[PDB]
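structure of the sequence below:
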Amino acid sequence: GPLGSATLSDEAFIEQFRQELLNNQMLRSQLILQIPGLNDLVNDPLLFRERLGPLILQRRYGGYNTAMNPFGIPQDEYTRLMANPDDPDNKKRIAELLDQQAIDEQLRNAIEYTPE
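Numbers count the residues shown, from 1 in each chain. Below is the structure:
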């Protein structure tokens with residue numbers, strides 16, 4: 001089955017990252033040029049974390065992840081629509097979901113040239 005492992009925290013990701021450089025002589029060698037004192041930080045676990053923490057995390061972090069549907073409906077629901085939007089039932093869901101936008105669209109432009 002899936003049996004993934006997407007959950008490498010800061011220490012988990014940084015702790016494992018340190019093993020990569022130590023496991024890959026070629027990869028590390030490329031960093032030694034940009035970070036000559038790497039062999040030093042690597043030799044130390046605490047420093048490798050603190051000293052090279054902001055560097056390794058810079059890649060992981062960058063912006064909160066997101067992928068919600070525009071119809072604003074339970075992730076489980078959206079899947080049912082695209083999974084079978086031809087179902088006489090789904091049509092109703094996708095039908096009303098667009099209707100709301102049409103109604104709200106009127107407020108956006110609001111042909112009412114008299115706020116008061």
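
residue nearest the centroid of the chain?
Nearest residue to the geometric centre of the chain (C-alpha atoms, centre = their mean): residue 65, 2.9 Å.

now that one: which helix or strand?
Following DSSP states H and E, one finds residue 65 outside all helices and strands.

can you tell me what sits against stretch 30-48?
Contacting residues not belonging to stretch 30-48 are listed as 14, 15, 18, 21, 22, 28, 51, 52 [C-beta atoms under 8 Å, 6 or more residues apart in numbering]. Quick note: C-beta positions are derived from backbone N, CA and C, even for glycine.

now do that stretch: distance to the chain's middle.
The gap between where stretch 30-48 is centred and where its chain is centred comes out at 28 Å by C-alpha atoms, centre = their mean, to the nearest Å.

same question for stretch 25-36.
From the chain centre to the centre of stretch 25-36 is a distance of 28 Å (C-alpha atoms, centre = their mean).

now swap in stretch 7-25 and tell me
Distance, stretch centre to chain centre, for stretch 7-25: 20 Å (C-alpha atoms, centre = their mean).
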